[PDB]
Structure formats: C-alpha cells, structure tokens
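Presented below, as structure tokens, is a lone chain in the form deposited in one PDB entry.
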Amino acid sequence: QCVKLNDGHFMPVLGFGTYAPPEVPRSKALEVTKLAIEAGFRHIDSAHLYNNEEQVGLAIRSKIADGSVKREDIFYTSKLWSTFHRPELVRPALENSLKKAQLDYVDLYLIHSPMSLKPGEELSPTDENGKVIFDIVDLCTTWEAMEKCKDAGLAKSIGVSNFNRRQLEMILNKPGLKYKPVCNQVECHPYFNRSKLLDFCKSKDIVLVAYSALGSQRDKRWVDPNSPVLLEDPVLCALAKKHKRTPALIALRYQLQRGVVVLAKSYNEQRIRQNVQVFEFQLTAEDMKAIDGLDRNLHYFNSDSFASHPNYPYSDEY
C-alpha cells in the first residue's frame, strides 16, 4: 500500500526506521535492513546523520542481487544534515550519500531539520565551552538546491523534516517555487498526534510521515527516562488485547487510518516480522477516537538545548 505524493511518485505507507545508536555495530544495519525487506518493508528511512548509509545501501543491493526485489520496488530515503544547508553544499551532500549507498538516486531526499549548524566535518560542531554552533541560512536557498537535485534525477522526490507550519509556509510561499515538499517527517504518536499540523499538511497536499511512532528508542542521552512509555499505555494495551495484536501494532495502525505514513524502527528480527502485520487488521472508528484521546503534547526528543535556535520548531502552537 502506497500514497500518491504531490509530484506523482508513490510512497509506501509503512517504512523501516534504520537509526541505531553508535554502540550498535555498523554491520547490524545491513543485517536488519535485509530482514526488513524480507518481511515486506519496501520503504527504508536513512540519513547522513545515521552513519549507516553504506550498510543500508548494501542491504538494498543484496535484495536486488538475490532477485527478491527490483530497485523500483524500494523507496529509499536519505536526509541532508544541518551542517550542509548552505546551497552549494546540498548537491555534494546528496552525491556523497549516493556514493555511500552505491545507489543512482534516492526516492526521497529531506532537509533533516530546519536548525542550521556550522558547516564542517562534525555532525554537532561545538565551541570552546561545548556549546553547539548554529548557522544562519535562508532555507529557501537550501530548498532551491534541493529542487535542482530533483531536476538532476538524483532524488525522485524532495521533502522536509521537523518543520512547523511557519517554516512550511516559508517554502510554500517562496517566489518561483518549483516543487512543494512532498512530505514533512515529524515526531508523531498517540501522545503527540500532531492533529493540527496534519490538517495543515493535508490542506497543502503534503504527506505527514511519523517518526518515533512507537514512542522512540528512549535513548537516555536525549529522552527523559521518567517520560511515560508509550507502549505501556493502558488504552493501547486494551486495544491490543481486543484485536489480538500488540501495542506497537495498534500505534502503527492508528497512523495508517488517519492518513499518516508511519516509520517503525526495530533491530530485532521477531519485531521486524511482527510490524508488517499492520496491514492484517483494522481499528474501528471508536478505537481511533480512544487513541485520539491519548494526545498530551509529549515530545520524547529533548530538544530544549536548541530552544534558542531561531528555527527551533517547537515554540509555535504547531
């Protein structure tokens, strides 16, 4: 099952999340991405930030070489990291991502975050006192360079991630805009369901793509350990028992039924195989309303250190 993007391309509605923290050996990304394709995932979400594009690309090429899929059957996403927003850096960053993955094109290239950072080799450039160094970049010029990557055939579609309404409007209202973003990939789950942003995106022909749809990896470096564990929610657990599924499957199916494309990370073979069951059942309208009732404006990623960034996306209502 796919959704038609505003540029005519098609995006599978269930995507495999590939981020794993640095303590996980890089070889794991190759192993689990192969498992994901074998289980039925056809949309694969990576990024420069994840330091795994070589391994994720190897997995895609493995499943092509063994005859399981063709390149046209796979929807591969990468993302432009925030140290590469300056327009002259955009196409080389994409070409480097393609070289790592050994792919001729990505199906989707995203601006990973609106919060530009100092250009250089470091993913998180810091000054003398350990403070992250921001950069000021007109994201409309970044977007024009993204459009040129689409026209060059290096990205089939282009989109954004972690943008709020105001930041989307800045692109949408840009003079001489050639391609709208096809999507906005954002944190989205029953405790932070993004209903207003979803409505806005629908009104602009933009797909909302949910990350941390299972409640995030709860990495103690960026998630409060005292935050509620999404998959332990009593309503999700009751719905799982009713449908003979699992809380994770309820959380994924919720997004599909509200028009949201949903990512799911797992580095566990059994859970990878479980997650494709999202297509095997339906939630009732009443079930959906129960899940809607869980919304509590809870964002798992602790971005408070970036609150002073002029492009911090979470200060606006949506």
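For every residue, the number given is its place in the sequence shown, counted from 1. In this text, rigid core is short for the largest set of C-alphas that superpose within 1.5 Å between two forms.
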46 to 54 or 269 to 277, whichever carries the higher mean Cα B-factor
269 to 277
Would you tell me which stretch averages the higher CA B-factor in the PDB entry, 279 to 287 or 255 to 263?
279 to 287
Which of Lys156, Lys174, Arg165, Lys196 ranks first by CA B-factor in the deposited coordinates
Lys174
Going by the deposited entry, which of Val106, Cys237, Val160, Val207 has the highest CA temperature factor?
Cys237
Among the chain's modelled residues, which third holds the C-alpha B-factor of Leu294?
middle
Lowest, middle or highest third of the chain for the C-alpha temperature factor of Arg218?
highest
Split the chain's modelled residues into thirds by Cα B-factor; is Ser203 in the lowest, middle or highest one?
middle
Of the three thirds of its chain by CA temperature factor, lowest, middle or highest, which one includes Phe75?
lowest
What third of its chain's C-alpha B-factors does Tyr179 belong to: lowest, middle or highest?
highest
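The next section is about a form of this same protein that is not shown, the form deposited in another entry.
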Moved residue between the shown form and the other one - picked from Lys131, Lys99, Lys196, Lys241, where its Cα shifts 2 angstroms or more relative to the rigid core
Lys131
Do you see a C-alpha shift of 2 Å or more at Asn297 between the shown form and the other one, with the core held fixed?
no
Quick one: in that other deposited form, is the Cα gap between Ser227 and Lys131 smaller or bigger than here? Answer closer or farther; it shifts by 3 Å or more.
closer
